[PDB]
Amino acid sequence: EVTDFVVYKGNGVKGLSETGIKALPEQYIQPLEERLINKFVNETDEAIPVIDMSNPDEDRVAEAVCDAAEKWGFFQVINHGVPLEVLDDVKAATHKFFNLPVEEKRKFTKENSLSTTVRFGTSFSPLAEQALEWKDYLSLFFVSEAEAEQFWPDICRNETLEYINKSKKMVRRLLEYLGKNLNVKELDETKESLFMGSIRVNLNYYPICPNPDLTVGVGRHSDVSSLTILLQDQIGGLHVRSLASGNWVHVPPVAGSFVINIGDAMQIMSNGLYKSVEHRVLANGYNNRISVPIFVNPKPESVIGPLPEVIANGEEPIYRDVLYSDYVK
Ligand code: NA
């Protein structure tokens with residue numbers, strides 16, 4: 001139907017959006033409860049914690065992260081150390097990829113990509129008979145720089161690699177914070193595979209939508225990551241459900257900012273201390289948007305479970321130890 005143009009012929013929702021369609025197809029019309037929160041107007045005051053990492057006493061900034069991570073499951077960082085040059089080469093390379101001729105982006109579909117670690121796809125849905133999301137993406141699972149050379153798009157490889165390169169030390173800082181109340185004062189090599197074992201990065205593009213209220217960019221969900229890290233563009237559109245009020249908060253795209261949330265893996269290993277919370281992506285009817293999330297994960301064969309350091313003081317374990325790959329599968 002419309003599936004043919006979008007999916008089977010690989011135009012995606014961007015090229016479909018570029019046909020100037022005045023009306024949204026049935027495939028993307030989200031359920032009622034999704035369309036209700038789209039029409040939910042907000043509280044004029046509540047917001048996600050903003051943390052300045054350039055602040056000297058590094059032990060107040062430490063307990064700020066988990067004053068954020070325990071109650072909100074979400075926070076933003078402003079002076080994180082990743083040079084702002086890199087954030088704006090990668091957001092460009094994202095655009096120059098999606099603005100590539102279609103003939104060349106068909107090369108990274110599940111059928112045409114010469115590696116499964118790379119895949120350009122469109123209109124996602126976890127389940128069958130379910131509404132699809134108004135979104136195109138390029139999912140990049142990191143193996144090596146070698147497998148980047150051979151399988152990553154040349155028009156956006158170096159920017160992405162460099163963006164991983166620079167982000168990964170900020171990540172190390174954040175984790176060695178996080179261990180605070182988890183009684184883990186130094187990052188070691190077994191835990192490094194439990195937290196930063198595997199890395200995946202998506203290049204997201206959200207084209208302008210004719211009927212923004214019927215669909216979403218991303219449906220209600222919690223990341224299964226250890227933690228994510230979100231680089232938004234200047235419109236943004238992240239929507240987070242609070243644990244205090246229970247309402248939904250629109251997250252403001254700050255000058256030179258990352259949005260870090262929390263994943264199932266961290267919640268499990270923290271024995272429920274950290275919260276992996278629900279969040280959406282709104283559809284915008286006026287502008288095209290992009291998004292470059294990094295998904296920081298355990299290794300696929302990592303057996304995660306409550307860290308021994310969290311259960312030693314006579315607390316009881318809330319979770320089984322489970323294989324990570326069997327969990328996401
Ligand atoms: Na997410």
# chains A, B, ... in the order shown; residues from 1 in each chain; ligands from 1
call {"tool": "residues_around", "arguments": {"residues": "stretch 99-110 of chain A", "least_positions_apart": "6", "cutoff": "8 Å", "atoms": "only C-alpha atoms", "output": "list in words"}}
result
residues 10, 11, 116, 118, 119, 120 and 121 of chain A
call {"tool": "write_last_selection", "arguments": {"atoms": "N, CA and C atoms", "output": "PDB file, in the first residue's frame"}}
result
ATOM      1  N   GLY A  10      12.083   1.655   0.156  1.00  0.00           N
ATOM      2  CA  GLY A  10      13.076   2.332   0.978  1.00  0.00           C
ATOM      3  C   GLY A  10      13.077   3.855   1.022  1.00  0.00           C
ATOM      4  N   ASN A  11      11.976   4.488   0.634  1.00  0.00           N
ATOM      5  CA  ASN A  11      11.903   5.939   0.724  1.00  0.00           C
ATOM      6  C   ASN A  11      11.809   6.431   2.158  1.00  0.00           C
ATOM      7  N   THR A 116      25.061  -6.996   9.579  1.00  0.00           N
ATOM      8  CA  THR A 116      23.882  -6.827  10.418  1.00  0.00           C
ATOM      9  C   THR A 116      24.120  -5.803  11.511  1.00  0.00           C
ATOM     10  N   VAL A 118      25.058  -2.975  10.976  1.00  0.00           N
ATOM     11  CA  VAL A 118      24.617  -1.724  10.376  1.00  0.00           C
ATOM     12  C   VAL A 118      23.253  -1.938   9.731  1.00  0.00           C
ATOM     13  N   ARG A 119      22.314  -1.031   9.973  1.00  0.00           N
ATOM     14  CA  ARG A 119      21.020  -1.142   9.313  1.00  0.00           C
ATOM     15  C   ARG A 119      20.248   0.170   9.230  1.00  0.00           C
ATOM     16  N   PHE A 120      19.970   0.594   8.006  1.00  0.00           N
ATOM     17  CA  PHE A 120      19.062   1.704   7.782  1.00  0.00           C
ATOM     18  C   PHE A 120      17.664   1.125   7.622  1.00  0.00           C
ATOM     19  N   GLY A 121      16.725   1.608   8.421  1.00  0.00           N
ATOM     20  CA  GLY A 121      15.380   1.077   8.359  1.00  0.00           C
ATOM     21  C   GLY A 121      14.379   2.182   8.594  1.00  0.00           C
TER      22      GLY A 121
END
call {"tool": "residues_near_ligand", "arguments": {"ligand": "ligand 1", "cutoff": "10 Å", "atoms": "only C-alpha atoms and all ligand atoms", "output": "list in words"}}
result
residues 218, 219, 220, 221, 222, 223, 224, 225, 227, 228, 229, 230, 238, 261, 262, 263, 277, 278, 279, 280, 281, 293, 294 and 295 of chain A
call {"tool": "write_last_selection", "arguments": {"atoms": "C-alpha atoms", "output": "JSON list (two decimals), in the first residue's frame"}}
result
[["chain", "number", "residue", "atom", "x", "y", "z"],
["A", 218, "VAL", "CA", 8.54, 7.07, 19.76],
["A", 219, "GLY", "CA", 5.85, 5.33, 21.85],
["A", 220, "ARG", "CA", 5.82, 4.96, 25.65],
["A", 221, "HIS", "CA", 8.88, 2.97, 26.76],
["A", 222, "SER", "CA", 11.87, 2.46, 29.06],
["A", 223, "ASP", "CA", 15.34, 1.99, 27.59],
["A", 224, "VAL", "CA", 16.87, -1.46, 28.12],
["A", 225, "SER", "CA", 20.30, 0.14, 28.12],
["A", 227, "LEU", "CA", 22.23, 4.36, 30.34],
["A", 228, "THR", "CA", 21.66, 6.21, 27.09],
["A", 229, "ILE", "CA", 22.89, 9.83, 26.43],
["A", 230, "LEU", "CA", 20.79, 11.94, 24.08],
["A", 238, "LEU", "CA", 11.49, 14.53, 24.40],
["A", 261, "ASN", "CA", 18.44, 8.96, 31.50],
["A", 262, "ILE", "CA", 18.90, 5.34, 32.93],
["A", 263, "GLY", "CA", 18.24, 1.87, 31.57],
["A", 277, "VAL", "CA", 11.42, 5.50, 33.50],
["A", 278, "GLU", "CA", 8.93, 5.88, 30.66],
["A", 279, "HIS", "CA", 9.47, 8.47, 27.94],
["A", 280, "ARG", "CA", 8.11, 9.38, 24.49],
["A", 281, "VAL", "CA", 9.04, 11.41, 21.43],
["A", 293, "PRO", "CA", 21.19, 8.68, 20.93],
["A", 294, "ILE", "CA", 24.05, 6.47, 22.10],
["A", 295, "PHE", "CA", 22.97, 3.29, 23.82]]
call {"tool": "select_by_dssp", "arguments": {"residues": "stretch 30-191 of chain A", "states": "strand (DSSP E or B)", "output": "mmCIF file with C-alpha atoms, in the first residue's frame"}}
result
data_model
loop_
_atom_site.group_PDB
_atom_site.id
_atom_site.type_symbol
_atom_site.label_atom_id
_atom_site.label_comp_id
_atom_site.auth_asym_id
_atom_site.auth_seq_id
_atom_site.Cartn_x
_atom_site.Cartn_y
_atom_site.Cartn_z
ATOM 1 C CA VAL A 50 20.319 20.198 35.046
ATOM 2 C CA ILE A 51 23.835 19.410 36.256
ATOM 3 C CA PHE A 75 19.001 14.595 33.868
ATOM 4 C CA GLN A 76 20.905 16.942 31.553
ATOM 5 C CA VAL A 77 24.594 17.865 31.484
ATOM 6 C CA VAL A 118 24.617 -1.724 10.376
ATOM 7 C CA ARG A 119 21.020 -1.142 9.313
ATOM 8 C CA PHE A 120 19.062 1.704 7.782
ATOM 9 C CA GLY A 121 15.380 1.077 8.359
ATOM 10 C CA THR A 122 12.065 2.839 8.799
ATOM 11 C CA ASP A 136 13.544 6.989 10.056
ATOM 12 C CA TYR A 137 16.787 5.707 11.576
ATOM 13 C CA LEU A 138 20.269 4.348 11.037
ATOM 14 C CA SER A 139 21.222 1.841 13.746
ATOM 15 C CA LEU A 140 24.975 1.461 14.232
ATOM 16 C CA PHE A 141 26.224 -1.302 16.528
#
call {"tool": "residues_around", "arguments": {"residues": "residue A:88", "least_positions_apart": "5", "cutoff": "12 Å", "atoms": "only C-alpha atoms", "output": "list in words"}}
result
residues 82, 83, 93, 94, 95, 159, 160, 162, 163, 231, 232, 233, 234, 255, 256, 257, 290, 291 and 292 of chain A
call {"tool": "residues_around", "arguments": {"residues": "residue A:3", "least_positions_apart": "6", "cutoff": "12 Å", "atoms": "only C-alpha atoms", "output": "CSV table (one decimal) with N, CA, C and O atoms, in the first residue's frame"}}
result
chain,number,residue,atom,x,y,z
A,9,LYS,N,10.3,0.0,-0.9
A,9,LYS,CA,11.1,0.8,-1.9
A,9,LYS,C,12.1,1.7,-1.2
A,9,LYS,O,12.7,2.6,-1.8
A,10,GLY,N,12.1,1.7,0.2
A,10,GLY,CA,13.1,2.3,1.0
A,10,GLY,C,13.1,3.9,1.0
A,10,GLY,O,14.1,4.5,1.4
A,11,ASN,N,12.0,4.5,0.6
A,11,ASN,CA,11.9,5.9,0.7
A,11,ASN,C,11.8,6.4,2.2
A,11,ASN,O,12.3,7.5,2.5
A,12,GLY,N,11.2,5.6,3.0
A,12,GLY,CA,11.1,6.0,4.4
A,12,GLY,C,10.0,7.1,4.6
A,12,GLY,O,9.5,7.6,3.6
A,13,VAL,N,9.8,7.5,5.8
A,13,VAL,CA,8.8,8.6,6.1
A,13,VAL,C,9.4,10.0,5.8
A,13,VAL,O,8.6,10.9,5.7
A,16,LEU,N,8.5,10.4,2.1
A,16,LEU,CA,7.1,10.5,2.0
A,16,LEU,C,6.6,11.8,2.5
A,16,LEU,O,5.6,12.4,2.0
A,25,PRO,N,-1.3,8.5,7.2
A,25,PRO,CA,-1.8,7.2,6.9
A,25,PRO,C,-2.2,6.4,8.1
A,25,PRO,O,-1.7,6.7,9.2
A,26,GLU,N,-3.1,5.4,8.0
A,26,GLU,CA,-3.6,4.7,9.1
A,26,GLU,C,-2.5,3.9,9.9
A,26,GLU,O,-2.7,3.7,11.1
A,27,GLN,N,-1.4,3.6,9.3
A,27,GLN,CA,-0.4,2.8,9.9
A,27,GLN,C,0.3,3.5,11.1
A,27,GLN,O,0.8,2.8,12.0
A,28,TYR,N,0.2,4.8,11.1
A,28,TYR,CA,0.9,5.6,12.1
A,28,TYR,C,0.0,6.1,13.2
A,28,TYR,O,0.5,6.7,14.1
A,122,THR,N,13.1,1.8,8.6
A,122,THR,CA,12.1,2.8,8.8
A,122,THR,C,10.8,2.3,9.4
A,122,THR,O,10.5,1.1,9.4
A,123,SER,N,10.0,3.2,10.0
A,123,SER,CA,8.7,2.9,10.6
A,123,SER,C,8.7,1.6,11.5
A,123,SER,O,8.4,0.6,11.0
A,124,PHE,N,9.1,1.8,12.8
A,124,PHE,CA,9.3,0.7,13.7
A,124,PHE,C,8.0,0.3,14.4
A,124,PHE,O,7.2,1.2,14.7
A,132,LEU,N,2.6,2.1,13.7
A,132,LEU,CA,4.1,2.3,13.4
A,132,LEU,C,4.4,3.8,13.9
A,132,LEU,O,3.6,4.7,13.9
call {"tool": "atom_distance", "arguments": {"atom1": "atom CA of residue A:64", "atom2": "atom CA of residue A:181"}}
result
11.6 Å
call {"tool": "atom_distance", "arguments": {"atom1": "atom CA of residue A:259", "atom2": "atom CA of residue A:74"}}
result
7.4 Å
